[PDB]
Each structure stands twice: as structure tokens, then as C-alpha cells.
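S.K.: structure of the sequence below:
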Amino acid sequence: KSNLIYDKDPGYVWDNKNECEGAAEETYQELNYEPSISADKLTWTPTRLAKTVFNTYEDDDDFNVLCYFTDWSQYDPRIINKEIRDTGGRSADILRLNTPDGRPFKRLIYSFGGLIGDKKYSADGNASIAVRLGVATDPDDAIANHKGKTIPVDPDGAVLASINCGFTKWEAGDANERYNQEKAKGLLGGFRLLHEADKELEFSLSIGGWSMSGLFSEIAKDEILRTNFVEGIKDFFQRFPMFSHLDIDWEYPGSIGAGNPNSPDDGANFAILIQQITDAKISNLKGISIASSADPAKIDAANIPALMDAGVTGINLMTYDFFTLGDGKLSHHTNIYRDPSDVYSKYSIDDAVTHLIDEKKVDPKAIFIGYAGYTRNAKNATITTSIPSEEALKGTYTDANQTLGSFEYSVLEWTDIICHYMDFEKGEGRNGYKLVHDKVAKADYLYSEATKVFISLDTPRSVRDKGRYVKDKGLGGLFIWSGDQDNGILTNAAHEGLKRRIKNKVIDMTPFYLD
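M.R.: Numbering: from 1, shown residues only. Next up is the structure itself:
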């Protein structure tokens, strides 16, 4: 009996039927997923297995909690009938955020807008998408006249869908017809429904992200491309007046990121672009944020000073994915602290924050730090710490190809954690897994002696401590990567770390912190 999870996929009512009761468990059966044994499987667990438990808190202090909401998280072909069970989607309902009497986030960040001409991401540089959205007359025109212009790269998910976007029936209309605020369905229509329920909620577009930063370096160097880019912002902000913020998540100026063109002049060029956007005087655009790596060497390479000199008002510090497979050592993925000589957990929020404030003279209040709705794992792992309960995490792994995850190898998402890996209500691990608190990092991890799988994750305890860090250090606030993953437990912990008075109580968080 649980206030956090369901014991069986409750399904989803669509067109007066519910075709996906138990769908999550049918997938598990088809794939032979067993939590206490599987080291090398995907779960495909839908967020439907979690109960929705966002509290709300007074949020009118000097901090803000932001939410990256991904436009692919709505999908799950299991919803429609009984045909597909060997794979699935996240099925993340935008309506989990529709709380009474407040909001779990001040600002929802649509993730992600792509760029016309981006041939790293798209074989045709998104040209067919431009045509479908009605911003180009044919694919040649898209590239010839609109290179550098932003558009959502998933028009179904952005402006057409019903399921998990707050709508209850299919209606005729193409993407071109619906690519504006009042006609949108999809996630942008879902954002509008939340806008209509809550006038204080803010909306940001994030352009780029890890897979879509391939075109930034080229755009920022070029006055005609910068001009197309600014036009892209004006167009989107005219089509969707409810938007008021822009996150240009170029990952990262001056360094390699996912394998992008890059140049030492990227940050200086990016600063020209941000000024050019400011100069357009888009009446509803109140603020521009950018992304920063947590690696001080990559921070140096980004020329953060140039960007702040051009009037950037926020830095979303991408404090997650610190554990990357490849070097045979375990690591925390989103930890606040580390010992300076640590070769396992090589990065930390604190190292990065200190670097920005002390070396780059960034205003602390501009900085937002991340908490994560997902994990970074390695199978075939060995914990080598001498006293795990008192000492910093150390450990190694051999072959971690095809490690346990939810939708992609090596990454479990939050629903899987609370349903099959950790029992926060009983205060202990599930299915042969044990939770360890690393007091040096102030981060928790999960590990099973039986499966030999190591799982680095955020918990209520660490997210609360991140909220505490933000407050102590006077930072801007926190963001979740990504908010569609959270059932509310993570975000509750953030608000509590900020010392916020509760307004609407759905769940008592007290027993979930475990000291």
C-alpha cells in the first residue's frame, strides 16, 4: 500500500476506453525484466505507475524553481490498444503540473526548439518541419531563406497531440493551422491550459540542448544568420504571446559538446547574438538565459564574461551527467560537493558555482543549478570505498555496454526508481538494492551486490540539500532536468530546501529524507 506508486499500471482513458491497464507489467513480462536480477535490460516504465504528489509552496521570495519539460515525454504507443507491448513511452501528462493554489515551478521551459539548417541533428536540416509548420514554402526555401531560424522539431508533440497534453478528443487541423497560441494543441496547447489556470506561471523556450547545438557556432559568426535567428525569436514570440523567457542552451560555446563545430570566438560571437536579440525589442521577451558546463575548463572556454556583458540574466548550470561511461570509474552524476583530488566524481555543483562567482565574477543570483529526474548507471560495478557510510564513493566497472535503464541504456528514470529500486516510505532499497549516503559529496547512490549495478541518482535528501545550497549562497534557484520525470517528490524537496512555507499539502515529505 503506497502513497507514491501504483502496484499496477492504471492506464489512460482515451476515447472512452482504457486500453493500457497493466501495460507496464505486460512489457516487463515480454522483455523478461525482473528488478532484482536484470542488469542489462530496458524497462520502458511509463510515468503512470507513479502517483502525483506535487505540493505547492509560497514562491514569492528571491528564488525561482524552473522546469525543463520535454516534448517527447508525452508518447506511449501502448495507450492506443493491445498491439505494442515490447516497447513503450514515458506517457508524461502535462496535467500533473496543474496543482491547486500555487505552482510547482515558476517557469516551464519548452524543450526543445531546433534550428533550420542543422544538418548534425537532421538529414535535411529540419526543412520538412519548416514546411509543415507553415514557416517555409518548400524545403529549398526553408534552407535558402531561413537558416538559423528556430522551430519546434516535433510538430505533433508541439501543437497537434491530445494524449498527455490536456485534450480529450481528436480534432481536424494541420500543424500550420495550429502553430499559434490560441489554436495549439500538443505541449504548447498544454502550456496554454496551464497559463489559463494560473496567470503567474511563466513560459520559456529552450533552443538547442545536447543533440541540437551543431549549428550555433556557424550562426553566431555570421551577421545574416544572426539576423535570421533574431527573426526566429520574433516570430515565435508573436505566435505565442504567453512566452516571456528564452533559454539558448548552446552546449557549449568554445568546446566540443556532442560533436559540434566550435571556435574560441564562440562566446564573443554568442554575446553579439544576445545583444542583437535584445535590440529587436520583442515586447514580451523579459529575459535570456544560457547554458554552462560544470567543468571549469569548459567554463573558461565559453567566455562567460562576454555573455554577461551582453545582458544575459540567467545561467542554467548543467549540473548533471557528471558520470560518463568510458574511463572505468564510478562517479556521482549530479553531486553538490567533491574532494578536490577526487578522480571518480570529477565534477561538482560547488566547484562550478565557485568558479563562476570567484573567477568569472558572475552575479550569484543569475545562477541556477540542476537537479535530475534520472540516473547514470554502470553494470559490472565494484564499490571500493572502505567505509561507504562515512567515506567518499570510489569504485570501478568493467563492461558497461547495455547497462540497465528505462528508455536508453545506463539511465533509469524517476518512476522506475520509486517503483522498483528505492522505497522512500519504508526508508530502504527495493529488490536487493541498498541506498548509500556519501557524506563527502552529499549525494546518494544505489547498489545491488546481486546485479552489480551501480546507480547514481538524486533523492529528496540531495535535492533538499541543493535547495539549501542555493539559499546559503544566494543563487537564482534550481531547475529540474527534466520535470516530466518527476511525480512531485523531487520538486517538493527543492522547495523545502529553499525553506518555503507549504501552501497545499498533498504528501508529507518528512519520512523521505532519512535524516
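
S.K.: and the strands in the stretch 51-200 of the chain?
M.R.: Read by DSSP state E, counting those that start in this stretch, the stretch 51-200 of the chain holds these strands, from start to end of the chain: 56-57, 64-70, 107-115, 150-152.

S.K.: quick one: which of those strands is nearest residue 178?
M.R.: Ranking the strands of the stretch 51-200 of the chain by distance to residue 178, with C-beta to C-beta as the measure, places strand 150-152 first at 11.4 Å. For every residue, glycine as well, the C-beta is placed using N, CA and C.

S.K.: follow-up on the earlier one: out of the strands of the stretch 51-200 of the chain, which is closest to residue 482?
M.R.: With respect to residue 482, and counting by C-beta to C-beta, the nearest of the strands of the stretch 51-200 of the chain is strand 64-70 at 4.3 Å.

S.K.: contacts for the closest one, please.
M.R.: Here strand 64-70 makes contact (C-beta atoms under 8 Å, 6 or more residues apart in numbering) with 59, 92, 94, 97, 104-112, 187, 191, 204, 206, 316, 368, 476-484, 491, 494-495, 498.

S.K.: ok so, going back, turn the strands of the stretch 51-200 of the chain into CSV, including mean neighbour count and distance to residue 512.
M.R.: Formatted as CSV, these follow (neighbours: other C-beta atoms under 10 Å; distance: least, C-beta to C-beta, whole Å):
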stretch, mean neighbour count, distance to residue 512
strand 56-57, 22, 16
strand 64-70, 24, 18
strand 107-115, 26, 25
strand 150-152, 26, 36
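
S.K.: redo the ones you listed as CSV? Include distance to residue 216.
M.R.: Output for the strands of the stretch 51-200 of the chain, formatted as CSV (distance: least, C-beta to C-beta, whole Å):
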stretch, distance to residue 216
strand 56-57, 36
strand 64-70, 18
strand 107-115, 8
strand 150-152, 11
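
S.K.: show me which of the contacts of strand 64-70 are buried.
M.R.: 59, 92, 94, 97, 104-112, 187, 191, 204, 206, 316, 368, 476-484, 491, 494-495, 498 (16 or more other C-beta atoms under 10 Å).

S.K.: what about the helices in the stretch 401-515 of the chain?
M.R.: Per DSSP state H, counting those that start in this stretch, the stretch 401-515 of the chain has helices spanning 414-416, 460-473, 489-497. These are given in chain order.

S.K.: so for residue 381, which of those sits nearest?
M.R.: helix 414-416 (17.6 Å).

S.K.: what does the closest one contact?
M.R.: Looking at what lies outside helix 414-416 - C-beta under 8 Å, 6+ apart - the contacts are 43, 45-47, 49-50, 373-374, 406, 485-487, 489-490.

S.K.: most surrounded residue in those residues?
M.R.: Looking at those with neighbours defined as other C-beta atoms under 10 Å, the largest count falls to residue 486 at 32 neighbours.

S.K.: ok, that residue - contacts?
M.R.: Taking C-beta under 8 Å, 6+ apart as the test, what residue 486 contacts is 54, 373, 414, 480.

S.K.: can I get these in JSON lines including distance to residue 464?
M.R.: As requested, the contacts of residue 486 are arranged in JSON lines below (distance: C-beta to C-beta, whole Å):
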{"residue": "54", "distance to residue 464": "15"}
{"residue": "373", "distance to residue 464": "15"}
{"residue": "414", "distance to residue 464": "15"}
{"residue": "480", "distance to residue 464": "14"}
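
S.K.: in stretch 32-41, which residues are buried?
M.R.: Under the neighbour-count criterion of 16+ other C-beta under 10 Å, stretch 32-41 has 33, 35, 38-41 buried.

S.K.: contacts for it, please.
M.R.: Surrounding stretch 32-41, the residues in contact under the criterion C-beta under 8 Å, 6+ apart are 27-28, 31, 42-43, 379-380, 402-404, 420-421, 430-432, 448, 450-453.

S.K.: filter those residues to the buried ones?
M.R.: Buried members of the contacts of stretch 32-41, scored by 16+ other C-beta under 10 Å, are 27-28, 31, 42-43, 379-380, 403-404, 420-421, 430-431, 448, 451-453.

S.K.: now find how far off-centre the lengthiest helix in the chain is within its chain.
M.R.: Taking DSSP state H as the assignment, the helix of the chain that covers the most residues is helix 223-239. Relative to its parent chain, helix 223-239 has a centroid offset of 25 Å by C-alpha atoms, centre = their mean, to the nearest Å.

S.K.: with stretch 12-19 instead?
M.R.: 28 Å.

S.K.: and what of stretch 184-196?
M.R.: Its chain's C-alpha centre and that of stretch 184-196 lie 19 Å apart, by C-alpha atoms, centre = their mean.

S.K.: what's it in contact with?
M.R.: Applying C-beta under 8 Å, 6+ apart, the external contacts of stretch 184-196 come out as 69, 71, 74, 94-95, 97-98, 108, 110, 152, 155-162, 164-167, 171, 173, 178, 181-182, 201, 203, 240, 242.

S.K.: list the buried residues of that stretch.
M.R.: Buried residues in stretch 184-196, counted by 16+ other C-beta under 10 Å: 184-195.

S.K.: and which of the contacts of helix 414-416 is nearest to residue 261?
M.R.: Of all the contacts of helix 414-416, the one sitting nearest residue 261 is residue 374; the distance, using C-beta to C-beta, is 28.3 Å.

S.K.: what does the closest one show for phi and psi?
M.R.: The phi and psi torsions at residue 374 (degrees, to the nearest 10) take the values phi -150, psi 170.

S.K.: do I have it right that it meets residue 411?
M.R.: Yes - counting by C-beta atoms under 8 Å, residue 411 is a contact partner of residue 374 at 5.2 Å.

S.K.: distance between the ends of stretch 83-90?
M.R.: Across stretch 83-90, the terminal residues are separated by 17 Å (C-alpha to C-alpha, to the nearest Å).

S.K.: what comes into contact with that stretch?
M.R.: For stretch 83-90, contacts defined as C-beta under 8 Å, 6+ apart pick out 23-24, 26-27, 30-31, 44-47, 72-78, 407, 413, 484-485.

S.K.: can you give me the neighbour number for residue 2?
M.R.: By other C-beta under 10 Å, the burial measure for residue 2, its neighbour count, is 14.

S.K.: look up how far residue 152 lies from it.
M.R.: The gap separating residue 2 from residue 152 is 36 Å, by C-beta to C-beta, to the nearest Å.

S.K.: same check, this time on residue 31
M.R.: In this structure, residue 31 lies at 31 Å from residue 152, with C-beta to C-beta as the measure.

S.K.: show the contacting residues for residue 290.
M.R.: Neighbour list for residue 290: 247-250, 270, 274, 307, 312, 314-316 [criterion: C-beta under 8 Å, 6+ apart].

S.K.: hmm, residue 96 is touching residue 54, no?
M.R.: Yes - distance between residue 96 and residue 54: 7.0 Å, which falls inside the contact criterion (C-beta under 8 Å).

S.K.: name the residues contacting each of those two.
M.R.: For the pair residue 96 and residue 54, residues contacting each of them under the criterion C-beta under 8 Å, 6+ apart are 487-488.

S.K.: ok, these two, which is more surrounded?
M.R.: Neighbour tally, residue 96 and residue 54, criterion other C-beta under 10 Å: the higher count belongs to residue 54, 25 against 20.
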